[PDB]
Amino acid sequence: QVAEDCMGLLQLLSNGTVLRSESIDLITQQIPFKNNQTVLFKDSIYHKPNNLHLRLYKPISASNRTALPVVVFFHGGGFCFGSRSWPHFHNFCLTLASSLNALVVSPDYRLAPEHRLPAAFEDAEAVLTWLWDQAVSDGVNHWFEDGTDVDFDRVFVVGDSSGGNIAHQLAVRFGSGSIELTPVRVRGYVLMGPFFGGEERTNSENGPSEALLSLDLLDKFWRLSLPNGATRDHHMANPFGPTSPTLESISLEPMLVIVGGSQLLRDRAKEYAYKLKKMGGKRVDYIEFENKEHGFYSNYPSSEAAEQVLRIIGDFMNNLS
């Protein structure tokens, strides 16, 4: 049955969508004199038994000027695909590093079906634990050949899709006081189109398919990701499911939920944000980019929307630091 679902994933993934009507897009043209920055980067093992690696990024000109904040970036996929080394994600981290003038940490995590959830969440904690280990032992000076000054008091987690779900899980784990990693302080979370689930569909989930994503594909992701016998109302998928933490008692750090207007996951992301808003103590900003689909920030690197996301994440970081 896993092999059946695997074959169906391939079919669904590359199936695409058909535009009912004409559409116009706006494309940026040649830029003769372009502005430049170098970004240094390297891979390191963070979990030796599972052979899990992360990539560290450093903006060179900015690193020599001040102590850098940390952005931990968790890639997307459906808990079933994606590597830090993939051009798509690597490119995004290059941008994050230079734009935010920050040290970026981009870990691999175990993917399903081989490693069903909560494998990724365990791995995400191992990344944060690895960072702690590096912070307290001055392993930072051996990250790159030259020196590197890092401010572990200014850490931020940026989550894309399934990485957005991972971000939420960390926030809860820290917020509840379950895990605690001084001198590492996560000051905020950025949930870019977080991968949340539910047995009951939202209106947007029943709406038209995106360029790549369909409701069937998302359902397939959950079938392969969640433990055998679980439903989409499981707390790992649905943060507001029947048996999920209350969250009204948990102290969460400030959160930024970014989503596209034409996303299937839009309604569920807005439900998420505004349920937290109405709860006391929670600072949650919700930003919706009109007429955009999943991954617009990374799928269209040089678009106006992507640039704006980077600016918003930057301001968010300034406000909290």
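Sequential numbering from 1, following the sequence displayed.
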query: Per the entry, higher mean C-alpha B factor between 19-27 and 293-301; finding: 293-301
query: Residue stretch of maximal mean CA temperature factor, 191-199 vs 245-253; finding: 245-253
query: Residue with maximal Cα B-factor (values as given in the PDB entry) among 260, 69, 49, 281; finding: 281
query: Among 169, 95, 204, 83 - the residue whose C-alpha B-factor is largest in the record; finding: 83
query: Record-listed C-alpha B factor of residue 313: chain third; finding: lowest
query: Residue 228 - Cα temperature factor, lowest/middle/highest third of chain; finding: highest
query: Residue 58 - Cα temperature factor, lowest/middle/highest third of chain; finding: lowest
query: Where the record places residue 125 (Cα B-factor, split into thirds across the chain); finding: middle
query: Where the record places residue 142 (Cα B-factor, split into thirds across the chain); finding: highest
